[PDB]
Amino acid sequence: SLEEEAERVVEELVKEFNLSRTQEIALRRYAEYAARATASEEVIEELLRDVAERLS
Amino acid sequence: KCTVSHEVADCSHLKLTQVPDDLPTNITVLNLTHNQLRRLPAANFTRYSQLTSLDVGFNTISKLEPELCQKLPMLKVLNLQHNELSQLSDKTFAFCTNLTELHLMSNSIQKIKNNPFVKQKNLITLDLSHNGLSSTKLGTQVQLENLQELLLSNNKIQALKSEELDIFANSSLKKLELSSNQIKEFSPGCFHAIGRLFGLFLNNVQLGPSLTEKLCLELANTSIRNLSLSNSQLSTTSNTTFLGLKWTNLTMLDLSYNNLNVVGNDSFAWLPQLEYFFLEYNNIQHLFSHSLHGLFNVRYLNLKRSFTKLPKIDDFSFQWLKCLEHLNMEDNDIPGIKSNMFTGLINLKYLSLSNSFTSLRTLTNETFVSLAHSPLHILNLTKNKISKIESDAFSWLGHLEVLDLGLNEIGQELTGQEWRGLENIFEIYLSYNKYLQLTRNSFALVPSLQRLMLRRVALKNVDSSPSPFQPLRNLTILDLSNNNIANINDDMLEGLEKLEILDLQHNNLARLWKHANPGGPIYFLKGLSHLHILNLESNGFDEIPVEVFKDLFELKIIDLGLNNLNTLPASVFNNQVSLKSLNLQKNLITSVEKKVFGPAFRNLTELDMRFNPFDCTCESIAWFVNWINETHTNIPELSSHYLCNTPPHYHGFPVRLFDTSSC
Ligand SMILES: *[C@@H]1O[C@H](CO)[C@@H](O[C@@H]2O[C@H](CO)[C@@H](O)[C@H](O)[C@H]2NC(C)=O)[C@H](O)[C@H]1NC(C)=O
Ligand SMILES: *[C@@H]1O[C@H](CO)[C@@H](O[C@@H]2O[C@H](CO)[C@@H](O)[C@H](O)[C@H]2NC(C)=O)[C@H](O)[C@H]1NC(C)=O
Ligand SMILES: *[C@@H]1O[C@H](CO)[C@@H](O[C@@H]2O[C@H](CO)[C@@H](O)[C@H](O)[C@H]2NC(C)=O)[C@H](O)[C@H]1NC(C)=O
Ligand SMILES: *[C@@H]1O[C@H](CO)[C@@H](O[C@@H]2O[C@H](CO)[C@@H](O)[C@H](O)[C@H]2NC(C)=O)[C@H](O)[C@H]1NC(C)=O
Ligand SMILES: *[C@@H]1O[C@H](CO)[C@@H](O[C@@H]2O[C@H](CO)[C@@H](O)[C@H](O)[C@H]2NC(C)=O)[C@H](O)[C@H]1NC(C)=O
Ligand SMILES: *[C@@H]1O[C@H](CO)[C@@H](O)[C@H](O)[C@H]1NC(C)=O
Ligand SMILES: *[C@@H]1O[C@H](CO)[C@@H](O)[C@H](O)[C@H]1NC(C)=O
Ligand SMILES: *[C@@H]1O[C@H](CO)[C@@H](O)[C@H](O)[C@H]1NC(C)=O
Ligand SMILES: *[C@@H]1O[C@H](CO)[C@@H](O)[C@H](O)[C@H]1NC(C)=O
Ligand SMILES: *[C@@H]1O[C@H](CO)[C@@H](O)[C@H](O)[C@H]1NC(C)=O
């Protein structure tokens, strides 16, 4: 339930990296798989930051 | 008293009868949002001579003396919501003009009396939502010189007159709201009296025929740009309705939720400048070719569930939507695609056809024909009950980037002829399918793929062929779960180097990581370098090969739980370095030490060694309990998770409470 708040994270990225709508789908899929794999936190932020850096 | 973060006295729910009177003298947001006050005199407030944002919402103030504003010249925004400001006076706030926003909602002010406010030199926005007001006479002379966005949200207004708005002679309005009030008259001349009436909301009022016909006349020669008639009953439309809106240059409209049954021939032809267009949630039953005449400037279209459950989109019924960019045909019973449905849509970029069709059981070559000349970047296509994709069903789609074919009933033996074309495919969402048997050439026509989702798809021919996944070379995600794959060859995952996710969850590979299998344990996680996540869980590997994990160097998640796994070998995590997670929930591990789990616990940030019952001996958990001493690793809570279970001598003890000094 609380992990859903992490969407705002990528939403910040959506504002931080003004990229295409198609790349938003890629970011969402990567985040969903990581969250279903990772335990709690502090790796989602790092992994999603690295993905956003390697997507633009 | 109250929580104070920086300068806000967030006395949100702290039932009070008096003012705080003991908080720092430099607070800004005295957020008394429920604290049951009754009086705000000019004695206790002299302590707060610096208050700016006073919110006293949801409280019973029945009187406002003018002197209160005398001691508060620094106030900017005040929210007198759900108070009892019933009896108003001329000088209830006379020299109280340094505001920037004001609210008087749920105050029940039947009459505005003569002139409560005349100066308001900086009143940008004002609200009077649920009072009971039955007019719009707020003042007498030129006034509201800076009121940008008025809000008469829910009143009992029954008409509009020019003289009632003469006080708006030179008032610049951005968005004016008069929703949720039953009006059955618009006296001649209402909105060209207002200097710059720009926006206008008439949501949820029954205008309909014989009223909108004169409303479009009245708004003529008025500088209105936006308009919203959502839930305003519009059963039909003709070429006379919205005639007068041709001179006044509108830009956005809203006809949602008004049960629009049939569209007349030349309706909406008097709207050359309509950019957005909202017809969602309607009961539309027929769409003639001429119905959308004149809509050459509509960019965004919304038809989510307008086509109620059969509709017949006529031939060339979209040829005039030249400037359309985003179509939203989502919840409809559209009966198939004819050869000339989406003809003329040379500016489309997003289709979103999911839950739209009820007859797309098969996709033949002459099924997507109408989109030959249309750009199309997204093609949703979920929950369309597709039974089988025939040959060359996507030959007409060359700009397509997402093929989200999930939630379907695709049962077929793939061969490779269904992907002919598709030179720009970036995603093939094939999750939740019946059965998809493969061949060695099942993906040779799509070497541009990037995300092959194959969850809940019984996937045969994974071992007999050389590799179904050999042609794919730019694959980032290979999701394989809920498939019960029980056999893998040493070249299943070969040549795939920039693969980053290898989800494998509901898979019965437990047999092929044994030691007695013919030929030795299967070394299939071989060669990969950028495998960031390897979610091998819920399989049953009660063994791990000595050097199976050699290639995985940039691995960060090795989630491995729900596995009868026990007694790890040595040097299993010898070479993994950036291991920022290591999950072993529900295993059979009884011993942990420097070779079993040592090199993993160096830069770790999450550990899930939760439910495995280690033997409770001073040698079984010694380095473990001297490692949980200092934990820069953000370990989950250590209470009621780690328990002694095996030896009756010291059974039933958390690891942190084990007396280490004894050993
Ligand atoms: C508003 O008042 C608060 C309450 O004292 C001030 O917060 C303190 O400020 C001092 C010095 O500025 C710090 O040393 C304290 O750590 C702060 N917190 C306390 C005392 O809890 C705040 O600085 C004041 N702000 C202004 C603009 O006067
Ligand atoms: C809005 O203003 C236009 C003027 O630009 C009005 O058009 C005039 O209409 C009258 C009769 O209604 C004609 O006699 C004039 O010749 C028109 N002016 C022209 C063509 O320049 C229009 O009627 C106004 N809308 C109203 C009153 O609803
Ligand atoms: C709007 O549509 C109506 C049809 O309901 C049109 O009325 C027709 O106009 C033509 C041309 O003047 C004439 O044959 C008759 O007056 C009508 N014919 C029929 C069969 O109804 C009307 O012209 C259209 N335009 C306007 C501005 O009302
Ligand atoms: C779509 O597929 C059908 C089915 O193969 C094609 O119809 C055949 O077309 C060829 C070439 O004109 C004829 O020789 C056959 O007799 C047709 N029928 C069958 C059953 O094969 C159709 O031509 C295809 N459309 C396009 C545009 O290629
Ligand atoms: C294609 O359309 C479907 C249906 O709207 C999308 O599935 C939705 O995905 C969002 C993602 O947060 C969920 O919240 C919704 O619940 C899903 N819909 C349903 C009915 O469950 C799907 O995401 C779309 N495809 C793409 C690529 O965006
Ligand atoms: C004041 O309290 C209300 C009540 O919930 C809240 O909505 C608002 O955000 C608060 N203002 C602040 C914290 O500045
Ligand atoms: C009005 O309020 C603003 C900010 O609250 C302040 O800067 C200004 O000096 C005030 N002016 C008067 C006349 O009170
Ligand atoms: C019309 O409404 C939209 C949606 O809120 C808004 O973005 C736009 O600015 C409005 N038009 C004007 C002229 O303000
Ligand atoms: C026509 O549209 C332009 C576009 O800004 C606007 O300035 C003008 O006022 C409109 N004409 C009217 C409302 O009569
Ligand atoms: C005009 O629209 C009406 C809508 O009822 C339709 O019956 C008629 O055929 C249309 N005229 C055409 C298509 O020429």
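The rules behind the values
Residues numbered from 1 in each chain as written, not as in the entry; some residues may be left out. Chains lettered and ligands numbered in written order. Heavy atoms only, no water. Helix = DSSP H or I, 4+ residues; strand = E, 2+ residues; numbered from the N terminus. Buried < 20%, exposed > 50% of the residue type's maximum accessible area, 1.4 Å probe, protein only. Areas by Shrake-Rupley, 256 points an atom, 1.4 Å probe, with all protein chains shown as cover. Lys, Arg positive; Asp, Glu negative; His and termini not counted. Charge placed at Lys NZ, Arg CZ, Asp CG, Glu CD. Rg over C-alpha atoms; globule rule 2.2 N^0.38 Å. Disulfide = S-S within 2.5 Å. Contact = heavy atoms within 4.5 Å. Salt bridge = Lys/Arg side-chain N within 4 Å of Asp/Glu carboxyl O. Polar contact = N/O pair within 3.5 Å; in protein donor to acceptor, adjacent residues only side chain to side chain. Near = heavy atom within 4 Å. Axes fitted to C-alpha atoms, helices over the stretch in contact; angles between N-to-C directions. Parallel < 35°, antiparallel > 145°, perpendicular 65-115°, else oblique. Left-handed = near helix turned anticlockwise from the far one by under 90°. Nonpolar A, V, L, I, M, F, W, Y, C, P; charged D, E, K, R; others polar. Core = buried A, V, L, I, M, F, W, Y, C linked by side-chain atoms within 4.5 Å. Pairing = 2+ DSSP bridges.

As recorded in the entry header, the structure was determined using cryo-EM to a resolution of 2.88 Å.

Trainee: Whenever I open this one, the overall build of chain B confuses me. Can you help?
Mentor: Looking only at helices and strands, chain B has 3 helices and 21 strands in total. Taking all 663 residues of chain B together, 52% fall into the buried category. With an accessible surface of roughly 29300 Å², chain B has 51% of that area assigned to carbon and sulfur atoms. On chain B, the mean spot of the 56 positive side-chain charges and the mean spot of the 63 negative ones are 6 Å from each other.

Trainee: What is the right way to read the overall build of chain A from this model?
Mentor: Broken down by element type, chain A carries 3 helices and 0 strands. The order of helices and strands in chain A, counted from the N terminus, is α-α-α. The globule rule puts the C-alpha radius of gyration for 56 residues at 10 Å, and the 10 Å found for chain A is close to it. With the principal axes as the frame, chain A shows a C-alpha extent of 30 × 20 × 15 Å. When each of the 56 residues of chain A is scored for burial, the buried share is 38%. Only carbon and sulfur atoms are counted for the fraction: they give 50% of the accessible area of chain A, which is about 3500 Å². Averaging the coordinates of the 8 positive side-chain charges in chain A and doing the same for the 15 negative ones gives two points 7 Å apart.

Trainee: Explanation requested: the state of the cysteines in the structure shown.
Mentor: Two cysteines joined by a covalent bond between their sulfur atoms form a disulfide. All names here are of chain B. Tallied over the full model, the rule gives 4 disulfides over all chains. Residue pairing for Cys616: its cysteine sulfur links by disulfide to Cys644, the two sulfurs lying 2.0 Å apart. The chirality of the disulfide connecting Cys616 with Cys644 is right-handed, given an S-S dihedral of about 50 degrees. Linking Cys616 in the loop between strand 21 (607-608) and helix 3 (623-627) with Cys644 in the segment after helix 3, this pair joins segments that are 28 residues apart in sequence. Exposure remark for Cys644: the relative accessible area of 2% places this residue in the buried category. Listing the disulfide partners of chain B by sequence rank of the bonded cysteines yields 1-2, 3-4, 5-7, 6-8. Left unpaired, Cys190 is separated from the closest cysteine sulfur, that of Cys216, by 14 Å. Overall, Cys190 belongs to the buried group, its relative accessible area being 0%. Residue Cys216 is classed as buried on the basis of its relative accessible area of 2%.

Trainee: Honestly, the interface of chain B and chain A in this entry has me stumped. Any pointers?
Mentor: Quite often, the size of an interface is put as the accessible area lost when its parts meet. Contact residues are listed per partner, giving 28 residues for chain B and 19 residues for chain A. Linking chain B with chain A are 3 salt bridges, by the criterion used here. Of the charged contacts, one joins B:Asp404 and A:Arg29 as a salt bridge, the two residues approaching to 3.4 Å between their closest N and O atoms. Run the count over chain B and chain A and you get 8 residue pairs in polar contact. Elements with a contribution of two residues or more to the side of chain B that touches chain A: strand 18 (451-453) and strand 19 (477-479) of chain B.

Trainee: What should I look at first to understand the site of ligand 10 in this one?
Mentor: Residues and elements named next belong to chain B. Taken together, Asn265, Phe288 and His290 make up all the residues around ligand 10. The contact in question runs from an oxygen atom of ligand 10 to an N or O atom on the side chain of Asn265, over 2.5 Å. Across the complex, the protein chains shield 44% of the 350 Å² of accessible surface that ligand 10 would expose by itself.

Trainee: Looking at this structure, I do not really get the packing of helix 2 (residues 21-37) of chain A against helix 3 (residues 44-53) of chain A. What am I missing?
Mentor: Residue and element names in this part refer to chain A. Between helix 2 and helix 3, the shortest axis-to-axis distance is 10 Å and the interhelical angle comes to 155 degrees. Here helix 2 lies roughly antiparallel to helix 3, going by the angle between them. Of the two possible hands of crossing, helix 2 and helix 3 adopt the one that is right-handed. Each of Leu27, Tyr30, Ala31 and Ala35 in helix 2 lies in contact with helix 3, whose residues at this interface are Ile44, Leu47, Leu48, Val51 and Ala52. Within the contact of helix 2 with helix 3, the residues separate by chemical class into 9 nonpolar, no polar and no charged.

Trainee: Got a minute to help me understand the nonpolar core in this structure?
Mentor: The nonpolar side chains of soluble globular proteins are, as a tendency, buried together. Residue and element names in this part refer to chain B. Ranked by internal contacts, the top residues of the largest apolar core, which has 190 residues, are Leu582 and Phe597. When contributions to this core are tallied by element, the ones reaching two or more residues are helix 1 (67-70), helix 2 (212-218) and helix 3. Ranked by residue count, the leading element in this core is helix 3, at 3 residues.

Trainee: Hey, could you run me through the sheet that holds strand 1 (residues 3-4) of chain B in this one?
Mentor: The strands that make up a sheet are held in pairs by hydrogen bonds between backbone atoms, and each pair lies either parallel or antiparallel. Residues and elements named next belong to chain B. With mixed pairing, the 8 strands of this open sheet are ordered in space as 1-2-3-4-5-6-7-8. Two strands lie at the open edges of the sheet, namely strand 1 and strand 8 (149-151), each paired on one side alone. Two elements, strand 7 (residues 125-127) and strand 8, share 3 bridges in a ladder whose sense is parallel. Residue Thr125 lies in a different strand from strand 8, and its bridge partner there is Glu149.

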